[PDB]
>>> print(open('data13.cif').read())   # mmCIF, C-alpha atoms and all ligand atoms
data_data
#
loop_
_atom_site.label_atom_id
_atom_site.label_comp_id
_atom_site.auth_asym_id
_atom_site.auth_seq_id
_atom_site.Cartn_x
_atom_site.Cartn_y
_atom_site.Cartn_z
CA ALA D 1 -20.81 -35.11 32.17
CA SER D 2 -19.17 -32.39 34.16
CA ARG D 3 -16.72 -35.19 34.90
CA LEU D 4 -13.85 -36.98 33.39
CA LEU D 5 -12.96 -40.73 33.31
CA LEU D 6 -9.95 -41.91 35.37
CA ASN D 7 -8.08 -45.17 34.58
CA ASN D 8 -9.20 -46.38 37.93
CA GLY D 9 -12.80 -46.19 36.80
CA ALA D 10 -13.35 -43.19 38.88
CA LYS D 11 -14.95 -39.92 38.11
CA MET D 12 -13.17 -36.60 38.49
CA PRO D 13 -15.10 -33.23 38.24
CA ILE D 14 -13.92 -30.78 35.56
CA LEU D 15 -13.72 -27.81 37.80
CA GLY D 16 -12.18 -27.28 41.11
CA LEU D 17 -11.24 -24.84 43.68
CA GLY D 18 -7.59 -24.28 44.00
CA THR D 19 -6.14 -23.45 47.46
CA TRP D 20 -2.57 -22.18 46.77
CA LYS D 21 -2.26 -18.70 48.34
CA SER D 22 -5.11 -18.98 50.61
CA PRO D 23 -4.42 -17.92 54.15
CA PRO D 24 -5.61 -20.11 57.06
CA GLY D 25 -7.72 -17.02 57.90
CA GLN D 26 -9.60 -17.15 54.56
CA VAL D 27 -9.82 -20.84 53.65
CA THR D 28 -12.72 -22.38 55.61
CA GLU D 29 -15.16 -19.68 54.32
CA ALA D 30 -13.75 -20.14 50.86
CA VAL D 31 -14.29 -23.85 50.81
CA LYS D 32 -17.74 -23.79 52.56
CA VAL D 33 -19.06 -21.28 50.01
CA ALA D 34 -17.55 -23.36 47.20
CA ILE D 35 -19.39 -26.33 48.50
CA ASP D 36 -22.70 -24.36 48.85
CA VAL D 37 -22.12 -23.28 45.28
CA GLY D 38 -21.32 -26.59 43.77
CA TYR D 39 -17.65 -27.33 43.50
CA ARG D 40 -17.07 -30.81 44.57
CA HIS D 41 -13.37 -30.88 43.60
CA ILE D 42 -10.57 -29.19 45.40
CA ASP D 43 -6.87 -29.00 45.05
CA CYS D 44 -4.81 -29.01 48.27
CA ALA D 45 -1.22 -29.69 49.24
CA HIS D 46 0.91 -30.06 52.35
CA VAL D 47 3.09 -27.14 51.33
CA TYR D 48 0.18 -24.71 51.03
CA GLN D 49 0.30 -24.83 54.85
CA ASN D 50 -3.51 -24.59 54.90
CA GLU D 51 -4.81 -28.17 54.48
CA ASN D 52 -6.02 -28.28 58.14
CA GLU D 53 -8.17 -25.45 57.51
CA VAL D 54 -9.47 -26.61 54.21
CA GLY D 55 -10.49 -29.72 56.15
CA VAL D 56 -12.72 -28.26 58.78
CA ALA D 57 -14.82 -26.63 56.14
CA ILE D 58 -15.35 -30.00 54.36
CA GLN D 59 -15.92 -31.43 57.76
CA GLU D 60 -18.70 -29.04 58.61
CA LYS D 61 -20.19 -29.26 55.21
CA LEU D 62 -20.41 -33.02 55.60
CA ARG D 63 -21.68 -32.92 59.05
CA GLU D 64 -23.87 -29.91 58.53
CA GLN D 65 -25.43 -31.87 55.52
CA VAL D 66 -24.81 -30.34 52.14
CA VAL D 67 -22.56 -32.92 50.68
CA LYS D 68 -21.59 -36.57 51.01
CA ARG D 69 -18.01 -37.88 51.39
CA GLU D 70 -18.62 -40.04 48.28
CA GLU D 71 -19.28 -36.94 46.09
CA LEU D 72 -16.28 -35.15 46.98
CA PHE D 73 -13.08 -35.15 45.15
CA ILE D 74 -10.19 -34.20 47.28
CA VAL D 75 -6.76 -33.95 45.70
CA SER D 76 -3.32 -33.36 47.61
CA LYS D 77 0.45 -33.79 47.13
CA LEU D 78 3.78 -35.18 48.28
CA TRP D 79 6.33 -32.56 49.28
CA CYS D 80 9.83 -32.58 47.82
CA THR D 81 11.15 -33.50 51.40
CA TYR D 82 9.66 -37.05 51.39
CA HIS D 83 10.58 -38.50 48.02
CA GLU D 84 12.29 -40.94 50.37
CA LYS D 85 10.24 -44.05 49.90
CA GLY D 86 10.51 -44.66 53.68
CA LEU D 87 8.97 -41.25 54.26
CA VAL D 88 6.24 -41.19 51.47
CA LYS D 89 4.12 -43.04 54.01
CA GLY D 90 3.99 -40.35 56.79
CA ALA D 91 3.42 -37.65 54.23
CA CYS D 92 0.03 -38.97 53.22
CA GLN D 93 -0.68 -39.64 56.88
CA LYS D 94 -0.52 -36.19 58.44
CA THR D 95 -2.21 -34.72 55.27
CA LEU D 96 -5.12 -37.08 55.73
CA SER D 97 -5.05 -36.09 59.34
CA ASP D 98 -4.93 -32.54 58.18
CA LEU D 99 -7.85 -32.98 55.99
CA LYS D 100 -9.77 -35.13 58.58
CA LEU D 101 -10.54 -37.77 56.19
CA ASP D 102 -9.68 -41.43 55.96
CA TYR D 103 -8.78 -41.44 52.32
CA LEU D 104 -7.91 -39.07 49.57
CA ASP D 105 -9.18 -39.32 46.02
CA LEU D 106 -6.07 -38.62 43.97
CA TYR D 107 -2.48 -38.29 45.35
CA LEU D 108 0.38 -36.39 43.61
CA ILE D 109 4.05 -36.25 43.54
CA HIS D 110 4.26 -32.56 43.92
CA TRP D 111 7.37 -32.15 41.77
CA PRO D 112 9.60 -34.34 39.78
CA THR D 113 11.97 -33.11 42.41
CA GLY D 114 13.55 -34.65 45.35
CA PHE D 115 14.91 -32.64 48.03
CA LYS D 116 16.73 -33.23 51.31
CA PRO D 117 14.47 -34.02 54.36
CA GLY D 118 14.11 -31.79 57.27
CA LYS D 119 11.85 -29.10 58.66
CA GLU D 120 12.55 -26.57 55.86
CA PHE D 121 10.22 -26.99 52.92
CA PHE D 122 13.14 -25.77 50.57
CA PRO D 123 16.70 -26.57 51.69
CA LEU D 124 19.23 -24.29 50.11
CA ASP D 125 22.72 -24.50 48.70
CA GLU D 126 24.96 -22.49 51.10
CA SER D 127 25.25 -20.52 47.85
CA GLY D 128 22.42 -20.42 45.12
CA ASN D 129 20.50 -23.77 44.53
CA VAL D 130 18.38 -26.51 46.31
CA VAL D 131 20.14 -29.28 48.10
CA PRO D 132 18.84 -32.19 46.27
CA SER D 133 18.05 -35.72 47.16
CA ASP D 134 19.37 -38.99 45.66
CA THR D 135 15.82 -40.33 45.60
CA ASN D 136 14.10 -41.56 42.46
CA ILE D 137 11.36 -40.89 39.95
CA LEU D 138 10.02 -44.39 39.43
CA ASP D 139 11.28 -45.58 42.85
CA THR D 140 8.91 -43.14 44.55
CA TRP D 141 6.18 -43.93 42.32
CA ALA D 142 6.35 -47.29 44.02
CA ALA D 143 6.01 -46.04 47.55
CA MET D 144 2.64 -44.76 46.56
CA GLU D 145 1.54 -47.79 44.57
CA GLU D 146 1.89 -49.06 48.00
CA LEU D 147 -0.56 -46.41 49.30
CA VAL D 148 -3.19 -47.58 46.97
CA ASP D 149 -2.72 -51.26 48.00
CA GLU D 150 -3.03 -50.04 51.62
CA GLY D 151 -6.20 -48.34 51.14
CA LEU D 152 -5.19 -44.64 51.83
CA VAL D 153 -5.62 -43.30 48.39
CA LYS D 154 -8.03 -44.29 45.65
CA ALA D 155 -5.74 -43.25 42.82
CA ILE D 156 -2.52 -41.69 41.94
CA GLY D 157 -0.43 -39.50 39.71
CA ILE D 158 2.08 -36.77 38.86
CA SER D 159 2.61 -33.05 39.09
CA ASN D 160 4.33 -31.19 36.28
CA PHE D 161 6.39 -33.42 34.83
CA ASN D 162 7.48 -33.79 31.19
CA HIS D 163 7.35 -36.29 28.37
CA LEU D 164 10.57 -37.96 29.45
CA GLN D 165 9.54 -38.16 33.00
CA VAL D 166 6.09 -39.48 32.30
CA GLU D 167 7.40 -41.99 29.72
CA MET D 168 9.80 -43.38 32.36
CA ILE D 169 7.06 -44.24 34.85
CA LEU D 170 5.14 -46.32 32.33
CA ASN D 171 8.21 -48.12 31.17
CA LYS D 172 9.02 -49.02 34.83
CA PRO D 173 9.29 -52.73 35.42
CA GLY D 174 6.94 -54.19 37.86
CA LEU D 175 4.51 -51.48 37.03
CA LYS D 176 1.50 -52.02 39.24
CA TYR D 177 -0.43 -48.74 38.65
CA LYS D 178 -1.00 -46.20 36.00
CA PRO D 179 -0.75 -42.41 36.61
CA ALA D 180 -4.26 -41.13 36.54
CA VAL D 181 -3.49 -37.56 36.07
CA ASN D 182 -0.68 -35.18 35.06
CA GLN D 183 -1.13 -31.94 36.88
CA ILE D 184 0.57 -29.28 34.69
CA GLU D 185 0.32 -25.55 34.26
CA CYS D 186 -1.48 -24.20 31.35
CA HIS D 187 -3.16 -20.95 30.16
CA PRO D 188 -2.96 -18.75 26.95
CA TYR D 189 0.68 -18.03 27.33
CA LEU D 190 1.69 -21.62 27.39
CA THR D 191 -0.78 -23.69 25.57
CA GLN D 192 1.38 -26.66 25.30
CA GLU D 193 -0.15 -28.14 22.21
CA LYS D 194 2.25 -30.95 21.96
CA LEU D 195 1.97 -32.47 25.41
CA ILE D 196 -1.67 -32.20 24.77
CA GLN D 197 -1.09 -35.31 22.60
CA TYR D 198 1.28 -37.13 24.75
CA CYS D 199 -0.48 -37.05 28.02
CA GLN D 200 -3.46 -38.05 26.74
CA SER D 201 -2.61 -39.79 23.45
CA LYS D 202 -1.86 -42.64 24.99
CA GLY D 203 -3.65 -42.10 27.85
CA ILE D 204 -3.72 -40.04 31.13
CA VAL D 205 -5.87 -37.04 32.37
CA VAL D 206 -4.68 -33.34 32.37
CA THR D 207 -5.32 -30.79 35.12
CA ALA D 208 -4.43 -27.14 34.17
CA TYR D 209 -3.03 -25.28 37.09
CA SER D 210 -2.84 -21.46 37.25
CA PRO D 211 -5.68 -20.92 34.71
CA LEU D 212 -5.85 -17.19 35.45
CA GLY D 213 -2.16 -16.76 35.05
CA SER D 214 -1.72 -16.55 38.87
CA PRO D 215 -1.19 -12.83 39.71
CA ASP D 216 -0.64 -13.48 43.38
CA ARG D 217 2.50 -15.54 42.76
CA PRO D 218 5.19 -14.51 45.45
CA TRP D 219 7.51 -13.54 42.60
CA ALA D 220 5.01 -11.01 41.68
CA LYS D 221 6.46 -8.39 39.54
CA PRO D 222 6.76 -8.06 36.07
CA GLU D 223 5.72 -4.95 34.54
CA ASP D 224 3.90 -6.73 31.74
CA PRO D 225 2.07 -10.04 31.23
CA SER D 226 -1.38 -10.04 32.37
CA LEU D 227 -3.97 -12.51 31.36
CA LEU D 228 -6.54 -11.02 33.57
CA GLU D 229 -5.96 -7.67 32.04
CA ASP D 230 -5.34 -8.46 28.44
CA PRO D 231 -7.00 -6.40 25.66
CA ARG D 232 -7.61 -9.15 23.29
CA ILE D 233 -9.06 -11.57 25.98
CA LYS D 234 -11.38 -8.93 27.45
CA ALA D 235 -13.09 -8.86 24.11
CA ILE D 236 -13.66 -12.62 23.86
CA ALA D 237 -15.53 -12.06 27.37
CA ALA D 238 -17.43 -9.02 26.21
CA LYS D 239 -18.81 -11.02 23.30
CA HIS D 240 -20.32 -13.65 25.52
CA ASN D 241 -21.53 -11.30 28.19
CA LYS D 242 -19.23 -13.28 30.53
CA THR D 243 -16.12 -12.40 32.41
CA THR D 244 -12.39 -12.91 31.50
CA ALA D 245 -11.76 -15.35 34.37
CA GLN D 246 -14.72 -17.17 32.98
CA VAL D 247 -13.26 -17.23 29.59
CA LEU D 248 -10.02 -18.35 30.98
CA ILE D 249 -11.55 -21.19 33.08
CA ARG D 250 -13.85 -22.41 30.22
CA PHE D 251 -10.74 -22.51 28.00
CA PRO D 252 -8.90 -25.62 29.53
CA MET D 253 -12.21 -27.42 30.03
CA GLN D 254 -12.88 -27.26 26.37
CA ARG D 255 -9.66 -28.76 25.33
CA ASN D 256 -10.50 -31.96 27.36
CA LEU D 257 -9.08 -30.63 30.51
CA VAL D 258 -9.48 -30.07 34.16
CA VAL D 259 -9.15 -26.68 35.71
CA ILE D 260 -8.14 -25.68 39.13
CA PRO D 261 -9.02 -21.95 39.75
CA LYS D 262 -8.04 -20.40 42.96
CA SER D 263 -9.77 -17.67 44.80
CA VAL D 264 -10.53 -16.92 48.54
CA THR D 265 -13.03 -14.42 47.69
CA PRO D 266 -16.63 -15.58 47.97
CA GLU D 267 -17.83 -13.27 45.16
CA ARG D 268 -15.52 -14.90 42.70
CA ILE D 269 -15.75 -18.44 43.91
CA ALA D 270 -19.51 -18.29 43.20
CA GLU D 271 -18.73 -16.40 39.91
CA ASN D 272 -15.84 -18.74 38.74
CA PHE D 273 -18.24 -21.73 38.92
CA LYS D 274 -20.69 -19.95 36.54
CA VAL D 275 -19.21 -21.51 33.39
CA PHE D 276 -21.48 -24.17 31.89
CA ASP D 277 -23.92 -21.76 30.24
CA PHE D 278 -21.63 -20.77 27.27
CA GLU D 279 -19.59 -22.64 24.55
CA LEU D 280 -16.58 -20.93 23.09
CA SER D 281 -16.53 -20.89 19.31
CA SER D 282 -14.07 -22.48 17.04
CA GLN D 283 -12.59 -18.96 16.69
CA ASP D 284 -11.93 -18.14 20.30
CA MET D 285 -10.45 -21.52 20.41
CA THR D 286 -8.18 -20.78 17.50
CA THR D 287 -7.31 -17.46 18.99
CA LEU D 288 -6.67 -18.16 22.54
CA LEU D 289 -4.30 -20.84 21.32
CA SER D 290 -2.49 -18.28 19.04
CA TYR D 291 -1.60 -16.48 22.22
CA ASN D 292 1.06 -19.05 23.18
CA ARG D 293 4.19 -17.24 24.23
CA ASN D 294 5.93 -20.35 25.84
CA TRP D 295 5.82 -18.35 29.04
CA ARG D 296 6.21 -20.09 32.39
CA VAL D 297 4.82 -18.78 35.67
CA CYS D 298 5.88 -21.39 38.23
CA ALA D 299 9.32 -21.74 37.05
CA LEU D 300 11.67 -21.57 40.28
CA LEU D 301 15.25 -21.17 39.60
CA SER D 302 17.45 -22.10 42.42
CA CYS D 303 16.46 -25.63 41.46
CA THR D 304 17.61 -25.39 37.87
CA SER D 305 20.74 -27.56 37.97
CA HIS D 306 18.79 -30.47 39.48
CA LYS D 307 18.68 -33.57 37.50
CA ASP D 308 14.95 -33.90 37.59
CA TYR D 309 14.02 -30.60 36.45
CA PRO D 310 10.85 -30.63 34.52
CA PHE D 311 11.57 -27.68 32.35
CA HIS D 312 14.60 -28.63 30.36
CA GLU D 313 13.04 -30.29 27.37
CA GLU D 314 10.17 -28.69 25.27
CA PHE D 315 7.29 -30.87 26.06
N1 LIG W 1 1.30 -28.66 41.45
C1 LIG W 1 1.62 -27.39 41.41
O1 LIG W 1 2.80 -27.09 41.37
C2 LIG W 1 0.69 -26.28 41.42
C3 LIG W 1 1.38 -24.89 41.27
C4 LIG W 1 0.45 -23.76 41.07
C5 LIG W 1 -0.91 -23.88 41.11
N2 LIG W 1 -1.50 -25.22 41.47
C6 LIG W 1 -2.85 -25.30 42.00
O2 LIG W 1 -3.74 -24.71 41.10
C7 LIG W 1 -4.44 -23.71 41.73
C8 LIG W 1 -4.64 -22.42 40.76
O3 LIG W 1 -3.39 -21.65 40.54
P1 LIG W 1 -2.98 -20.35 41.16
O4 LIG W 1 -3.06 -20.36 42.64
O5 LIG W 1 -1.55 -20.62 40.75
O6 LIG W 1 -3.40 -19.12 40.43
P2 LIG W 1 -4.69 -18.77 39.82
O7 LIG W 1 -5.81 -19.61 40.27
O8 LIG W 1 -4.58 -18.82 38.32
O9 LIG W 1 -4.78 -17.29 40.21
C9 LIG W 1 -5.06 -16.96 41.58
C10 LIG W 1 -5.54 -15.45 41.74
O10 LIG W 1 -6.56 -15.07 40.78
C11 LIG W 1 -7.46 -14.14 41.37
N3 LIG W 1 -8.79 -14.41 40.78
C12 LIG W 1 -9.41 -15.58 40.72
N4 LIG W 1 -10.60 -15.57 40.14
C13 LIG W 1 -10.79 -14.29 39.77
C14 LIG W 1 -11.77 -13.54 39.13
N5 LIG W 1 -12.92 -14.02 38.71
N6 LIG W 1 -11.64 -12.18 38.87
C15 LIG W 1 -10.53 -11.59 39.25
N7 LIG W 1 -9.53 -12.21 39.89
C16 LIG W 1 -9.67 -13.55 40.17
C17 LIG W 1 -7.47 -14.55 42.78
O11 LIG W 1 -7.78 -13.52 43.55
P3 LIG W 1 -7.98 -13.84 45.00
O12 LIG W 1 -7.70 -15.26 45.26
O13 LIG W 1 -6.90 -12.88 45.61
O14 LIG W 1 -9.43 -13.46 45.30
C18 LIG W 1 -6.09 -15.13 43.12
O15 LIG W 1 -5.11 -14.44 43.86
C19 LIG W 1 -3.60 -23.33 42.94
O16 LIG W 1 -4.43 -22.74 44.06
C20 LIG W 1 -2.97 -24.61 43.34
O17 LIG W 1 -3.62 -25.49 44.35
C21 LIG W 1 -0.65 -26.41 41.51
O1 LIG W 2 4.48 -26.24 44.36
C1 LIG W 2 3.44 -25.68 44.16
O2 LIG W 2 2.28 -26.30 43.74
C2 LIG W 2 3.14 -24.07 44.37
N1 LIG W 2 4.36 -23.39 44.52
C3 LIG W 2 5.22 -23.35 43.39
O3 LIG W 2 4.85 -23.66 42.28
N2 LIG W 2 6.47 -23.00 43.59
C4 LIG W 2 7.37 -23.02 42.48
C5 LIG W 2 8.38 -24.20 42.55
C6 LIG W 2 8.74 -24.88 43.69
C7 LIG W 2 9.60 -25.96 43.57
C8 LIG W 2 10.03 -26.33 42.35
BR1 LIG W 2 11.09 -27.87 42.09
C9 LIG W 2 9.70 -25.68 41.22
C10 LIG W 2 8.97 -24.60 41.33
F1 LIG W 2 8.79 -23.80 40.21
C11 LIG W 2 6.92 -22.56 44.77
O4 LIG W 2 8.07 -22.25 44.91
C12 LIG W 2 6.05 -22.47 45.91
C13 LIG W 2 6.54 -21.99 47.14
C14 LIG W 2 5.78 -22.19 48.28
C15 LIG W 2 4.55 -22.86 48.16
CL1 LIG W 2 3.67 -23.17 49.55
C16 LIG W 2 4.04 -23.27 46.93
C17 LIG W 2 4.79 -23.03 45.76
#
>>> encode(input="data13.cif", output="structure tokens")
Amino acid sequence: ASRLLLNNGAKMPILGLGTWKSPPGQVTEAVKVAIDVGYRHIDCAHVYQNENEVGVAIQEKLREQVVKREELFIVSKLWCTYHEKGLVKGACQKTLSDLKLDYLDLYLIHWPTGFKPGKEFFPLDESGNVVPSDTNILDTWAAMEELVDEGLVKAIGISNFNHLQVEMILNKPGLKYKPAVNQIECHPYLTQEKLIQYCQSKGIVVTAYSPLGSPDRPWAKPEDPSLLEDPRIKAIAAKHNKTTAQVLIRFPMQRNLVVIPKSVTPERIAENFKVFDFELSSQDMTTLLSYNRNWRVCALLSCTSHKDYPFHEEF
């Protein structure tokens, strides 16, 4: 297909519209044009602060007529603030409320990373770091096995999230459910060859976030790296009379992956979905993998002393 095989027998589309960065002012149009175009998969979250407006679009595309609930794939996540098994529960409730649906297709633990509950989405040190939470990897996994049992969510998994932390959850006693998917970032400057064959190896599904390198990331500086604007990628894209975003987007798909591109911009929603027409050669595939600088983009660093920090091993 256009559509990978979940452990829960279900069928996830290869391509979806990301929704991180997308103001409440741009996100209903973005989603309704993605639907008229053809994306049936979307990636939301409660942090994005836009879910409610993602929803109404879905809602009027449904009730207008273009799509059926069945044929959707909505994905969302658990904030760091309700790793509390007692609180996992409400977290899926007001998101499903937000969304205006009665179920969700795949639910994520947003981070390996527990922080202390209150209003603030990121409670800070008094000096540098996040105020963590005593909460627990596999004991939070359970609070959402519970969510499947109760009907709320058809399937379940992890965001980003290393070999260690994965390999814990399937060694958990009493293990009722398997993670479906491991949402990680990937792109040409981290290819992550080796948790290619752990994640997936042995045997869960990978969704590549930030496929374009994310150049509207709040910590937006560098001076330097620039996947959209890179000389040697530009030429791949020229060869296929396609664009670089296209080449970028095709790239995870072709490694057995799932891609969530974001844009709010109707032009490039409709454009970003235009990627089934070409196959990258064996050489672009070799090359765009030779580009691996090990270079993280989501990265956050007032959380770095926290025990469950994804990015402290190599895979
Ligand atoms: N679990 C996680 O921690 C996590 C973290 C990061 C990302 N994700 C998810 O994955 C999705 C994708 O990542 P992203 O938001 O990080 O970054 P991204 O999709 O790689 O990059 C977003 C930016 O690329 C620009 N763009 C997109 N298509 C383009 C095109 N054809 N030509 C030129 N520019 C284009 C967009 O412009 P405009 O949008 O300004 O038009 C936008 O600001 C997110 O929306 C999010 O839901 C998950
Ligand atoms: O979480 C997301 O999907 C997107 N996203 C993100 O990626 N990080 C980085 C980050 C946060 C916490 C930890 Br722990 C590690 C990290 F590196 C953010 O700070 C972030 C901030 C606000 C919102 Cl609305 C989304 C964000």
>>> atom_distance(input="data13.cif", atom1="atom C2 of ligand LIG 1 (chain W)", atom2="CA of residue 260 (chain D)")
9.1 Å
>>> closest_residue(input="data13.cif", among="D:122, D:315, D:198, D:103", to="residue 151 (chain D)", atoms="only C-alpha atoms")
D:103
>>> closest_residue(input="data13.cif", among="D:119, D:3, D:234, D:293", to="ligand LIG 1 (chain W)", atoms="only C-alpha atoms and all ligand atoms")
D:234
>>> residues_around(input="data13.cif", residues="region 274-290 of chain D", least_positions_apart="2", cutoff="8 Å", atoms="only C-alpha atoms", output="ChimeraX atom specification")
/D:188,191,233,236,240,246,249-251,270-272,292
>>> residues_near_ligand(input="data13.cif", ligand="ligand LIG 1 (chain W)", cutoff="8 Å", atoms="all atoms listed in the file", output="PDB file with C-alpha atoms, in the coordinates of the input")
ATOM      1  CA  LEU D  17     -11.240 -24.840  43.680  1.00  0.00           C
ATOM      2  CA  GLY D  18      -7.590 -24.280  44.000  1.00  0.00           C
ATOM      3  CA  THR D  19      -6.140 -23.450  47.460  1.00  0.00           C
ATOM      4  CA  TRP D  20      -2.570 -22.180  46.770  1.00  0.00           C
ATOM      5  CA  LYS D  21      -2.260 -18.700  48.340  1.00  0.00           C
ATOM      6  CA  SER D  22      -5.110 -18.980  50.610  1.00  0.00           C
ATOM      7  CA  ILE D  42     -10.570 -29.190  45.400  1.00  0.00           C
ATOM      8  CA  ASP D  43      -6.870 -29.000  45.050  1.00  0.00           C
ATOM      9  CA  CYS D  44      -4.810 -29.010  48.270  1.00  0.00           C
ATOM     10  CA  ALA D  45      -1.220 -29.690  49.240  1.00  0.00           C
ATOM     11  CA  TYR D  48       0.180 -24.710  51.030  1.00  0.00           C
ATOM     12  CA  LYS D  77       0.450 -33.790  47.130  1.00  0.00           C
ATOM     13  CA  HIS D 110       4.260 -32.560  43.920  1.00  0.00           C
ATOM     14  CA  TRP D 111       7.370 -32.150  41.770  1.00  0.00           C
ATOM     15  CA  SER D 159       2.610 -33.050  39.090  1.00  0.00           C
ATOM     16  CA  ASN D 160       4.330 -31.190  36.280  1.00  0.00           C
ATOM     17  CA  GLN D 183      -1.130 -31.940  36.880  1.00  0.00           C
ATOM     18  CA  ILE D 184       0.570 -29.280  34.690  1.00  0.00           C
ATOM     19  CA  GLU D 185       0.320 -25.550  34.260  1.00  0.00           C
ATOM     20  CA  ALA D 208      -4.430 -27.140  34.170  1.00  0.00           C
ATOM     21  CA  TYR D 209      -3.030 -25.280  37.090  1.00  0.00           C
ATOM     22  CA  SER D 210      -2.840 -21.460  37.250  1.00  0.00           C
ATOM     23  CA  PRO D 211      -5.680 -20.920  34.710  1.00  0.00           C
ATOM     24  CA  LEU D 212      -5.850 -17.190  35.450  1.00  0.00           C
ATOM     25  CA  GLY D 213      -2.160 -16.760  35.050  1.00  0.00           C
ATOM     26  CA  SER D 214      -1.720 -16.550  38.870  1.00  0.00           C
ATOM     27  CA  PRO D 215      -1.190 -12.830  39.710  1.00  0.00           C
ATOM     28  CA  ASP D 216      -0.640 -13.480  43.380  1.00  0.00           C
ATOM     29  CA  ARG D 217       2.500 -15.540  42.760  1.00  0.00           C
ATOM     30  CA  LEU D 228      -6.540 -11.020  33.570  1.00  0.00           C
ATOM     31  CA  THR D 243     -16.120 -12.400  32.410  1.00  0.00           C
ATOM     32  CA  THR D 244     -12.390 -12.910  31.500  1.00  0.00           C
ATOM     33  CA  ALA D 245     -11.760 -15.350  34.370  1.00  0.00           C
ATOM     34  CA  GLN D 246     -14.720 -17.170  32.980  1.00  0.00           C
ATOM     35  CA  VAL D 259      -9.150 -26.680  35.710  1.00  0.00           C
ATOM     36  CA  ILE D 260      -8.140 -25.680  39.130  1.00  0.00           C
ATOM     37  CA  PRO D 261      -9.020 -21.950  39.750  1.00  0.00           C
ATOM     38  CA  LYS D 262      -8.040 -20.400  42.960  1.00  0.00           C
ATOM     39  CA  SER D 263      -9.770 -17.670  44.800  1.00  0.00           C
ATOM     40  CA  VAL D 264     -10.530 -16.920  48.540  1.00  0.00           C
ATOM     41  CA  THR D 265     -13.030 -14.420  47.690  1.00  0.00           C
ATOM     42  CA  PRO D 266     -16.630 -15.580  47.970  1.00  0.00           C
ATOM     43  CA  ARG D 268     -15.520 -14.900  42.700  1.00  0.00           C
ATOM     44  CA  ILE D 269     -15.750 -18.440  43.910  1.00  0.00           C
ATOM     45  CA  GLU D 271     -18.730 -16.400  39.910  1.00  0.00           C
ATOM     46  CA  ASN D 272     -15.840 -18.740  38.740  1.00  0.00           C
ATOM     47  CA  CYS D 298       5.880 -21.390  38.230  1.00  0.00           C
TER      48      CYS D 298
END
>>> closest_residue(input="data13.cif", among="D:154, D:176, D:68, D:46", to="residue 9 (chain D)", atoms="only C-alpha atoms")
D:154
>>> residues_around(input="data13.cif", residues="region 309-314 of chain D", least_positions_apart="3", cutoff="6 Å", atoms="all atoms listed in the file", output="MDAnalysis selection string")
chainID D and resid 161:162 306
>>> closest_residue(input="data13.cif", among="D:206, D:58, D:109, D:10", to="ligand LIG 2 (chain W)", atoms="all atoms listed in the file")
D:109
>>> atom_distance(input="data13.cif", atom1="CA of residue 230 (chain D)", atom2="CA of residue 248 (chain D)")
11.2 Å
>>> closest_residue(input="data13.cif", among="D:47, D:1, D:62, D:142", to="residue 120 (chain D)", atoms="all atoms listed in the file")
D:47
>>> atom_distance(input="data13.cif", atom1="CA of residue 172 (chain D)", atom2="CA of residue 80 (chain D)")
21.0 Å
>>> closest_residue(input="data13.cif", among="D:167, D:81, D:173, D:99", to="ligand LIG 2 (chain W)", atoms="only C-alpha atoms and all ligand atoms")
D:81
>>> residues_around(input="data13.cif", residues="residue 41 (chain D)", least_positions_apart="3", cutoff="8 Å", atoms="only C-alpha atoms", output="NGL selection string")
:D and (12-13 or 15-17 or 72-75)
>>> residues_around(input="data13.cif", residues="residue 98 (chain D)", least_positions_apart="6", cutoff="9 Å", atoms="all atoms listed in the file", output="MDAnalysis selection string")
chainID D and resid 46 50:56
>>> residues_around(input="data13.cif", residues="residue 84 (chain D)", least_positions_apart="3", cutoff="12 Å", atoms="all atoms listed in the file", output="tab-separated table (two decimals) with C-alpha atoms, in the frame of the given file")
chain	number	residue	atom	x	y	z
D	78	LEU	CA	3.78	-35.18	48.28
D	79	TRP	CA	6.33	-32.56	49.28
D	80	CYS	CA	9.83	-32.58	47.82
D	81	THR	CA	11.15	-33.50	51.40
D	87	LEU	CA	8.97	-41.25	54.26
D	88	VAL	CA	6.24	-41.19	51.47
D	89	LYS	CA	4.12	-43.04	54.01
D	90	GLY	CA	3.99	-40.35	56.79
D	91	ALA	CA	3.42	-37.65	54.23
D	109	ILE	CA	4.05	-36.25	43.54
D	113	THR	CA	11.97	-33.11	42.41
D	114	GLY	CA	13.55	-34.65	45.35
D	115	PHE	CA	14.91	-32.64	48.03
D	116	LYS	CA	16.73	-33.23	51.31
D	117	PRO	CA	14.47	-34.02	54.36
D	118	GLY	CA	14.11	-31.79	57.27
D	132	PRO	CA	18.84	-32.19	46.27
D	133	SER	CA	18.05	-35.72	47.16
D	134	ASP	CA	19.37	-38.99	45.66
D	135	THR	CA	15.82	-40.33	45.60
D	136	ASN	CA	14.10	-41.56	42.46
D	137	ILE	CA	11.36	-40.89	39.95
D	138	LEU	CA	10.02	-44.39	39.43
D	139	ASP	CA	11.28	-45.58	42.85
D	140	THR	CA	8.91	-43.14	44.55
D	141	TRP	CA	6.18	-43.93	42.32
D	142	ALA	CA	6.35	-47.29	44.02
D	143	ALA	CA	6.01	-46.04	47.55
D	144	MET	CA	2.64	-44.76	46.56
